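These notes are about the structure you will find just below.
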Amino acid sequence: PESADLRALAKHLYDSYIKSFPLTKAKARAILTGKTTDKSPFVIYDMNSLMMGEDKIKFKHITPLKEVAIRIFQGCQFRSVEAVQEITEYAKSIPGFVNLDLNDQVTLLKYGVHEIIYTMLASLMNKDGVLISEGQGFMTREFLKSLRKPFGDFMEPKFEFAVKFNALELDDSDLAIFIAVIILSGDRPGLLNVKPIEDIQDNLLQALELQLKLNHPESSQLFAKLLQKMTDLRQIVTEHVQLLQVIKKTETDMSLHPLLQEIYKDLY
Amino acid sequence: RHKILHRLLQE
Ligand SMILES: *c1ccc([N+](=O)[O-])cc1C(=O)Nc1ccccc1OCc1cccc(CNC(=O)c2ccc(CN3CCN(C)CC3)cc2)c1
């Protein structure tokens with residue numbers, strides 16, 4: 001009945017999610033578990049294995065024009081920039097999003113992308129590390145932790161969030177709707193027209209609720225657990241944003257990409 | 001301004 005419209009929304013978002021994000025959670029998991037006919041990712045657990053992995057992961061393709069912790073961070077930065085492009089394209093596919101006031105689209109993306117980046121990282125992560133370079137590399141958690149300050153502390157809170165978030169066991173079809181809900185948050189600072197945002201989000205949440213009922217019938221109040229994580233994640237992103245503004249000012253030899261600057265300026 | 005974001009959204 002009304003369920004059917006919600007199911008079609010879910011499916012439309014899935015299809016556009018698949019087009020927008022080349023590396024899905026399914027593909028990432030296939031890789032992390034070895035349930036894949038492709039070669040196993042090169043493991044980077046220290047300085048020397050980074051040097052050894054450079055061909056497999058194409059690490060020199062980051063800087064066609066430095067210190068290690070900086071080089072790793074620039075790699076992370078490179079992908080983040082592309083993540084913002086993917087998130088932005090996906091946002092345009094959300095019914096109603098592009099009819100919003102253009103300053104509101106910007107505001108929604110500006111605050112939303114970091115929250116989504118955390119969920120994207122979770123798909124790429126286990127307890128011990130993160131998939132990099134389109135699944136061709138695996139950088140260990142302890143190697144990232146062992147980097148000098150402030151770089152040593154950058155990735156770890158995302159690892160912490162990921163292990164908890166991954167216990168929910170969402171798939172791509174869930175994630176597609178969850179991500180739509182994050183973007184269309186009517187309580188972002190500086191929004192002009194809260195109402196048409198909340199109207200869309202209301203439909204997305206209903207879609208999310210039904211999706212989780214149907215896709216995870218054995219998981220009682222997964223919806224509730226999911227919304228609580230979404231709130232936790234806002235709080236967490238505040239500290240992520242702080243650390244970058246710190247790094248931008250305190251590290252001279254590292255250039256922060258202009259797009260990333262746009263999204264960190266005047267934020268919390 | 002958010003010039004790049006604007007560009008990504010409009011195009
Ligand atoms: C990291 C640092 C800073 C920010 N920031 O907002 O200022 C963001 C991030 C970040 O979030 N990263 C991020 C977001 C979403 C998804 C992934 C992601 O990251 C992945 C990651 C995390 C930690 C370290 C790395 C190191 N990456 C690399 O070394 C790397 C090497 C090569 C490439 C691409 N290269 C090879 C493949 N070719 C096909 C293209 C050229 C990319 C990364 C990554």
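Net charge within 14 Å of A:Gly186 by Cβ-Cβ distance, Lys/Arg positive one each and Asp/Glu negative one each, not counting A:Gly186 itself?
Computed value for this residue: -3.
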Distance (nanometres) between label positions extended 7 Å along Cα→Cβ at A:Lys145 and B:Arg1: 4.3
Ranking of A:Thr24, A:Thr63 by count of other Cβ atoms within 10 Å, fewest first: A:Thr63, A:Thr24
Vicinal HN-Hα couplings computed from phi for region A:111-119 (Karplus, 6.51 cos²θ - 1.76 cosθ + 1.60; Hz; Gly/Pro x): 7, x, 4, 5, 5, 5, 4, 4, 5
Sequence-distant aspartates and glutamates (8 or more away, or on other chains) whose Cα lies within less than 18 Å of A:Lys265: A:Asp104, A:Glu115, A:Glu239, A:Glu251
Least to most buried among A:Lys27, A:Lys195 (fewest other Cβ within 10 Å first): A:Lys195, A:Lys27
Label-reachable residues, region A:119-162, where backbone N falls under 19 Å from a point 7 Å from A:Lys249's Cα toward its Cβ: A:149-154
Against the rule of thumb 2.2 N^0.38 Å, how large the Cα Rg of the protein assembly as shown comes out: 1.01
Total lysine pairs whose alpha carbons fall under 17 Å of each other in region A:1-117 (8 or more apart, or interchain): 12
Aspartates and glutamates whose Cα lies under 19 Å from that of A:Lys213, excluding same-chain neighbours fewer than 8 positions away: A:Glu2, A:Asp5, A:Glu169, A:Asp171, A:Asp172, A:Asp174, A:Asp202
Calculated FRET efficiency for the pair A:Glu2/A:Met51, C-beta based, R₀ 45 Å, to 0.05: 0.20
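Considering only the other residues whose Cβ falls under 11 Å of the Cβ of A:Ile31, what net charge follows from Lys and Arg at +1 and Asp and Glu at -1?
Details: positive: A:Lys25, A:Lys27, A:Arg29, A:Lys35, A:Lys39; negative: A:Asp38, A:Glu134.
With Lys, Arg at +1 and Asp, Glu at -1, the neighbours total +3.
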Those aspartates and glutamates that a straight Cα-Cα span of less than 12 Å connects to A:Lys249, excepting residues fewer than 8 apart in one chain: none
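By the scheme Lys and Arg +1, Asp and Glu -1, what is the net charge of all other residues having a beta-carbon under 15 Å from that of A:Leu50?
After counting each charged neighbour, the total is +3.
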Separation in nanometres of the label points that stand 7 Å from Cα toward Cβ, at A:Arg234 and A:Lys60: 4.7
Inter-chain Cβ neighbour average for residues A:253-261, partner chain, 10 Å: 1
Other-chain or far-sequence residues with amide H under 5 Å of A:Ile132's (modelled H): A:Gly137, A:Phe138, A:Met139
³J(HN,Hα) computed for each position of region A:23-28 - Karplus, 6.51 cos²θ - 1.76 cosθ + 1.60, integer Hz, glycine/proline x: 9, 7, 4, 4, 4, 5
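Each reported figure results from applying straightforward, stated rules to the coordinates on display, with no laboratory input. Please note: Cβ atoms are built from the backbone with ideal geometry, for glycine as well, and neighbour counts cover all protein chains shown.
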